[PDB]
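Asker: Got a structure for you, questions after.
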Amino acid sequence: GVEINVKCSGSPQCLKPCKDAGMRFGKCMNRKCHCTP
């Protein structure tokens with residue numbers, strides 16, 4: 001279960017493990033963002 005949010009662009013928190021595409025679409029930590037802006 002890695003979908004606890006649909007509004008959290010806390011980049012090194014979501015983006016540190018997803019330092020691959022964009023900064024957001026869903027959750028930061030637990031879910032390291034669904035990085036599709």
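How things are named: the first chain in the structure tokens is A, the next is B, and so on; residues count from 1 in each chain; ligands count from 1 in the order shown.
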Name all residues at most 6 Å from range 7-15 of chain A (count only C-alpha atoms; drop same-chain ones fewer than 3 positions away) and give them as a list in words.

Answerer: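 Returned residues: residues 18, 19, 23, 24, 26, 27, 28, 29, 32 and 33 of chain A.
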
Asker: Would you please give, as a PyMOL selection string, all residues of chain A that DSSP assigns to helix (DSSP H, G or I) based on the backbone?

Answerer: chain A and resi 11-14

Asker: Between A:31, A:16, A:22, A:36, which one has atoms that come closest to residue 4 in chain A, using only C-alpha atoms?

Answerer: A:31
